[PDB]
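Here is the structure we will look at, set down as structure tokens.
Each answer follows from the model by the rule given with it, or from the source it names; these are not laboratory values. No Cβ is skipped: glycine too gets one built from the backbone with ideal geometry, and neighbour counts run over all protein chains shown.
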Amino acid sequence: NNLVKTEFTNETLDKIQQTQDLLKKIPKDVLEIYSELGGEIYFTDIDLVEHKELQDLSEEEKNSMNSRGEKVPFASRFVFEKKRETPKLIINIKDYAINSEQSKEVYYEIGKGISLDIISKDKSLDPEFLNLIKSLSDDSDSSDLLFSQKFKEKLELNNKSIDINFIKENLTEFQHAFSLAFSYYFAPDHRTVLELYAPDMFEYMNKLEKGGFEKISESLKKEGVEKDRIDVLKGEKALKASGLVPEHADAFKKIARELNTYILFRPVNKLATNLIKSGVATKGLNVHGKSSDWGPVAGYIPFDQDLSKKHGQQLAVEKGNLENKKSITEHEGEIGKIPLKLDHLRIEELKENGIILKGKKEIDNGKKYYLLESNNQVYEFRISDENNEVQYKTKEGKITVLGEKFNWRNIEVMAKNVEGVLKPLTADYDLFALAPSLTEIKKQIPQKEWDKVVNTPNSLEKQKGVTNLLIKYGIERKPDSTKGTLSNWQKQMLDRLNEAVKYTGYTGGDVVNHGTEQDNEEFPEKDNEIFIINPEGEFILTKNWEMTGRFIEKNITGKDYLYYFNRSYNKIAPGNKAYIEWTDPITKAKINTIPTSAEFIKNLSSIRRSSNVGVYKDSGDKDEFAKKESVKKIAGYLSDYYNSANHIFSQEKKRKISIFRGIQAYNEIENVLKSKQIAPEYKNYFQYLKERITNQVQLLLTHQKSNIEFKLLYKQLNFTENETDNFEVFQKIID
Amino acid sequence: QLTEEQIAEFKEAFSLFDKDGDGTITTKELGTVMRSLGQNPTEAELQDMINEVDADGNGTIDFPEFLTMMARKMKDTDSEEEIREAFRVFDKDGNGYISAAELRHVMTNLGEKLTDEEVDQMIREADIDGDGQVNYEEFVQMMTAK
Ligand SMILES: [Ca+2]
Ligand SMILES: [Ca+2]
Ligand SMILES: [Mg+2]
């Protein structure tokens, strides 16, 4: 942000060689404070009065206290600080005169002071005891009760020791001081008049120049970021919607640091946060049953689906069950069912959370069943005493949607093998993404290879050799029989993620089972709140799909961490036929890029299978073939555009020959676009397929000699029968 | 097994370059097809291809002899994506364009030391249209084209 704006460079240096003089006087930092407070300094010409482009009606004279002393004859002013929001200091000069009597330039300082001052220290942080005490040079510390410079009409009150009892009242008064003090410590002439009379304020402004001005210039600089920022919620305020288990997140904290890589998590339903701490294993790939959030079974994958969220959805539950059964059928010995045993604590949790109510008890074939109550209207539940198994059945006055009606049975849930013991299943840690620092991936490549690559003559081969390495050892993801689809490092990270939450106190196996949702190309989901854990250990939870986007762009993408996004993002995920949205740079630069051969041919192919009418039909109409022949011609110019030999020419040439090759294509498009009846769909395309060429050539143009506009330059060409001189022409046309 | 989207393309591959009108193409032009579709395959590699999957004498290829020949090279060079992500990686700022600044600014992080003179030598040789910055298309070429 450039602080000084010199409006009129009207006079010769004299004006300039005066404004400069004026500034270099003022302390470099005072400025960095001003520019920091978003201020800007205006040096205009002879606009003295209300004429400044910024001198009109905003926040003017309401209560007149203006110069050092109090005058207010605005019209007769050459300096003014636009009080309210941003500091906007405006000044000007007439003939050669600040020198001789500095009693004039001394206002460009107080006239300034009002600027920083009030947020300089006087009242910067607050009245800081430093300035609150320094403001006590009234007549206590030093035998110097000589402050008839700033304390005349406001402080002849030597009969009222100043401190938290009064100083607030007339802050502004104590500003005029910080001003005439500043003006004096800096005025070109009187520097000691301050040092002579006030013996402290000197040692004050002085400390300010020591670094005091670098002070606020840094408590503000930092404030610069964190002020206007990305509204998240670092700290235990998010780790609460993070669903993660604190000992775990805090556990993960060690990794993000050691390896330096962002770790992003989706939401782990609260209901199983503790089910985790409690040692309950987590659902992986093998299971696809639905979780649930109501009643005793809550947070488990009830073998019975009508006992999970989708309570009522006949087909959802009908297929829901259909999925656990197979979950076991195909992956037996590893996946199956075991009775629900709500342990101690868990019971007290599904209470304050309000999931279940523990009341009346009862006696059945000799066992104590508390009876767990839930407002459901078809299932009643009871939990044994011997063991805490849980049970339900259809109320004598209701039925199961699938058309089932049963008596007191234990609630079975899904569970997987872990050290040979079917453990109940609950929500796992589904990573949304993994951002290792670009430098870590480096430590992923085997020296001999990255070595055998850079020791290359071909600079352009070198880049490749590198990129492939970077691609291979870092962007590439293979599909795995166990962990879904993921990267090798992604995997290693996966293991360290677990052995991390294992050397803590987890006895349920792994809590991070598959790869990062960024490969969930099939059934990608869109979560608003996403939990991240910077390489610094701070916890973070975005709020929007955008904020997450915005964040990642600022602290990951934009920074030096390697990241990639769900190949299905702007496209249409097949599985759930969902359309997400994620800002893709390449795309944001399409409006200006001549398409390729294949990108064209491709596009055609698209519509061909969308309507059932191609750019040209398989007939005899010599007007069709005219067309076919003609697109084959577009699929040349475009293909001629992106030529590799283009290097053997100098930059400028490239732009040119390319600009032509473009116009080339464009033209012939204009051509077909004027042909016979080419379906109205291709009609549009070919038109948009122009917009680009157009835009593209504009670029290649305003890149060198930009006076000519695409429209024009085109007219001047002759694409009749002779092409030869056409180019020879075009050349001069751009010279 | 090439998807259908993946087939409609190879269709308007033959289609476009066929001045004879059967659905059969020659050597000289089989090349032309792929090239435009996006490949620089050696005038040597076209020989045994058309020399094995069609010793049918003629020296042509029905769509079949093609639809197949293609679902062969459509495997390892499946780098179309890796590559488009390498690209987004260097494009450190989001402008869809790679600039020598960022080229260097990343060539370095991956432990490579480049001279302000050399990065401006890669970019240059990689830029096809002269703007003085590689775009995805220019990049895609730079990478694949051997
Ligand atoms: Ca860029
Ligand atoms: Ca370029
Ligand atoms: Mg999962």
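So which residues in the range A:116-147 are part of a loop (DSSP other than H, G, I, E, B) and closer than 21 Å to A:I33 by Cα? Spell out the reasoning first.
First pass over the range A:116-147, keeping only residues part of a loop (DSSP other than H, G, I, E, B): A:116, A:120-128, A:135-147.
Within the range A:116-147, A:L116, A:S120, A:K121, A:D122, A:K123, A:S124, A:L125, A:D126, A:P127, A:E128 meet the criteria.
Has the range B:98-119 got any residue that is hydrophobic (A, V, I, L, M, F, W, C), away from ligand 1 (no atom under 15 Å from the Cβ), surrounded by fewer than 16 Cβ atoms within 10 Å (Cβ to Cβ) and more than 7 Å from chain A (Cβ to nearest Cβ)? Scanning the range B:98-119 turns up no residue that is hydrophobic (A, V, I, L, M, F, W, C), away from ligand 1 (no atom under 15 Å from the Cβ), surrounded by fewer than 16 Cβ atoms within 10 Å (Cβ to Cβ) and more than 7 Å from chain A (Cβ to nearest Cβ). If you go through the range A:423-446 one residue at a time, how many are surrounded by fewer than 18 Cβ atoms within 10 Å (Cβ to Cβ) and under 24 Å from A:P296 (Cα atoms)? Counting residues in the range A:423-446 that are surrounded by fewer than 18 Cβ atoms within 10 Å (Cβ to Cβ) and under 24 Å from A:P296 (Cα atoms) gives 0. When the criteria are applied in full, A:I586 fails the requirement of being β-branched (V, I, T), touching a residue at least 24 places away in the same chain (Cβ under 8 Å) and either assigned by CATH to the domain that holds A:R661 or not in a loop (DSSP other than H, G, I, E, B) (or both). In the set (1) away from ligand 2 (no atom under 16 Å from the Cβ); (2) polar (S, T, N, Q); (3) within 12 Å of chain A (Cβ to nearest Cβ), B:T60 fails one condition alone, (3).
To keep it simple, each residue is scored yes or no on (1) in a strand (DSSP E or B); (2) within 10 Å of another protein chain (Cβ to nearest Cβ); (3) within 16 Å of ligand 1 (Cβ to nearest atom); (4) free of Cβ contacts under 8 Å to residues at least 40 places away in the same chain.
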position: A:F381; (1), (2), (3), (4): yes, no, no, no
position: A:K393; (1), (2), (3), (4): yes, no, no, yes
position: A:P424; (1), (2), (3), (4): yes, no, no, no
position: A:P436; (1), (2), (3), (4): yes, no, no, no
position: A:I441; (1), (2), (3), (4): no, yes, no, no
position: A:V453; (1), (2), (3), (4): no, yes, no, yes
position: A:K472; (1), (2), (3), (4): no, yes, no, yes
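For the range B:13-57, the candidate set comprises residues that are within 13 Å of another protein chain (Cβ to nearest Cβ) and of a type in the set (K, R); within that set, the residue that is surrounded by the fewest Cβ atoms within 10 Å (Cβ to Cβ) is B:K19. If you scan the range A:395-420, which residues turn out to be part of a strand (DSSP E or B) and of a type in the set (V, I, T)? Result: A:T400, A:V413.
Checking the structure you have, find out if any residue of the range A:563-577 is within 16 Å of ligand 1 (Cβ to nearest atom), touching a helix residue (DSSP H, G or I) at 6+ places or on another chain (Cβ under 6 Å), part of a loop (DSSP other than H, G, I, E, B) and in contact (Cβ under 8 Å) with a residue 24 or more places away in the chain. Taking every residue of the range A:563-577 in turn, at least one turns out to be within 16 Å of ligand 1 (Cβ to nearest atom), touching a helix residue (DSSP H, G or I) at 6+ places or on another chain (Cβ under 6 Å), part of a loop (DSSP other than H, G, I, E, B) and in contact (Cβ under 8 Å) with a residue 24 or more places away in the chain.
Could you say which residue among A:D306, A:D293, A:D250 is away from ligand 3 (no atom under 16 Å from the Cβ), out of contact with any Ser or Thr (no Cβ under 7 Å at 6 or more places or on another chain), of a type in the set (D, E) and in the same structural domain as A:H344 (by CATH)? I'd like the intermediate steps shown before the answer.
Numbers: A:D306 fails: out of contact with any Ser or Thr (no Cβ under 7 Å at 6 or more places or on another chain); A:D250 fails: in the same structural domain as A:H344 (by CATH).
Answer to the selection: A:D293.
A single member of A:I657, A:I607 is among the β-branched types (V, I, T), under 30 Å from A:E461 (Cβ atoms) and within 10 Å of another protein chain (Cβ to nearest Cβ), and it is A:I657.
Checked against the criterion of being among the charged types (D, E, K, R), surrounded by fewer than 18 Cβ atoms within 10 Å (Cβ to Cβ) and within 20 Å of A:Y107 (Cβ to Cβ), the range A:194-214 has no qualifying residue. When the residues of the range A:580-626 are narrowed to those that are more than 15 Å from A:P680 (Cα to Cα) and of a type in the set (S, T, N, Q), which ends up farthest from ligand 3 (Cβ to nearest atom)? Only one residue tops the list, namely A:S619. Residues in the range A:708-723 that are assigned to a loop (DSSP other than H, G, I, E, B) and of a type in the set (D, E, K, R): A:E709, A:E721, A:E723. Residues in the range A:340-379 that are surrounded by 11 or more Cβ atoms within 10 Å (Cβ to Cβ) and in a strand (DSSP E or B): A:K341, A:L357, A:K358, A:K368, A:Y369, A:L372, A:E373, A:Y379. A single member of B:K92, B:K75 is at the interface with chain A (Cβ under 10 Å from one of its Cβ atoms) and either over 21 Å from A:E476 (Cα atoms) or out of contact with any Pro (no Cβ under 8 Å at 6 or more places or on another chain) (or both), and it is B:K92. Out of all the residues in the range A:547-559, is one or more surrounded by fewer than 20 Cβ atoms within 10 Å (Cβ to Cβ) and in contact with a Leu (Cβ under 8 Å, 6 or more places away or on another chain)? No - not one qualifying residue is present in the range A:547-559.
Identify, from the list A:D560, A:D623, A:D527, the residue that is within 12 Å of chain B (Cβ to nearest Cβ) and charged (D, E, K, R). Selected residue: A:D560, the only one of A:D560, A:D623, A:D527 that is within 12 Å of chain B (Cβ to nearest Cβ) and charged (D, E, K, R). The number of residues in the range A:637-654 being crowded, with 18+ Cβ neighbours inside 10 Å and at the interface with chain B (Cβ under 10 Å from one of its Cβ atoms) comes to 6.
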